[PDB]
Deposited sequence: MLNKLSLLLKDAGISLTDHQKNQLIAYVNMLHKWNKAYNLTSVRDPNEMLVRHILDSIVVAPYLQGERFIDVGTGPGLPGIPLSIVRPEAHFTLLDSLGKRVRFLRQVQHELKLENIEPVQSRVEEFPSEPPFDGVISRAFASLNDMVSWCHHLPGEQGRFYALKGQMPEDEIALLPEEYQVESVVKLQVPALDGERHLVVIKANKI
């Protein structure tokens, strides 16, 4: 009830068509039934949306759709595959897809490998892993030759970056100062050859 007002207050800086906001609104009512952390997860997912390069993305271990759903709402021209191992989450995501009438998402049940990934993704995102290294190791088969790994951290993840395999490079780090509210988006790519 008061979650929206807070979310509206936070969006101060991000534009959103009434349509996009209505989908977001419905999503919060559905997510609430599924269950201030919620608002914070929705906001984080939205602020990062602009930095995802490409048109084909996958959210590994999406759960009830975080950051996946909020991302699909604010990036209508991009396609988001929402992956989870538990059919219960996938079924929820399908309801959401129906309620908000999302046309750019694909709820799919499968573990990381059980997933085809025939046609590579431009971007892989996830909040299910303990560290950057874990994420890249588990999702390594997903990004195209030019695809990227996106991870949202709080303070500069110096140790985790240092623990990244030589075969992977931090292409960029986006320090976000909006909201404490310290946020760093790490963009990783596999080194060629």
For this session: Would you mind checking the deposited sequence against the model and listing the stretches with no C-alpha coordinates?
Result: 36 to 47, 192 to 193
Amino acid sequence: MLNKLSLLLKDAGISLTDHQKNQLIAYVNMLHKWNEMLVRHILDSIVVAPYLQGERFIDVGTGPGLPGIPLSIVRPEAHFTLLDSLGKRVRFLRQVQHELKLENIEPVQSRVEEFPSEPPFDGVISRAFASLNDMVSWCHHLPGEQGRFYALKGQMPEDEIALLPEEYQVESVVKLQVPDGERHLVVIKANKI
From here on, numbers count along this sequence of modelled residues.
Exercise. Which of the two stretches, 165 to 173 or 11 to 19, shows the higher mean Cα temperature factor in the record?
Worked result: 11 to 19
Exercise. Comparing 126 to 134 with 46 to 54, where is the mean C-alpha B-factor higher?
Worked result: 46 to 54
Problem set entry | Highest-ranked of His140, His32, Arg148, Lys153 once sorted by CA temperature factor in the record | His32
For this session: Determine which member of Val112, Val96, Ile73, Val90 has the highest CA B-factor, using the values in the deposited entry.
Result: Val112
Seminar exercise, completed: Of the three thirds of Cα B-factor ranks in this chain, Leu38 occupies the highest
Problem set entry | Position of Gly144 among the chain's modelled residues by C-alpha B-factor, lowest, middle or highest third | highest
Exercise. So where's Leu83 on the chain's Cα temperature factor ranking, which third?
Worked result: lowest
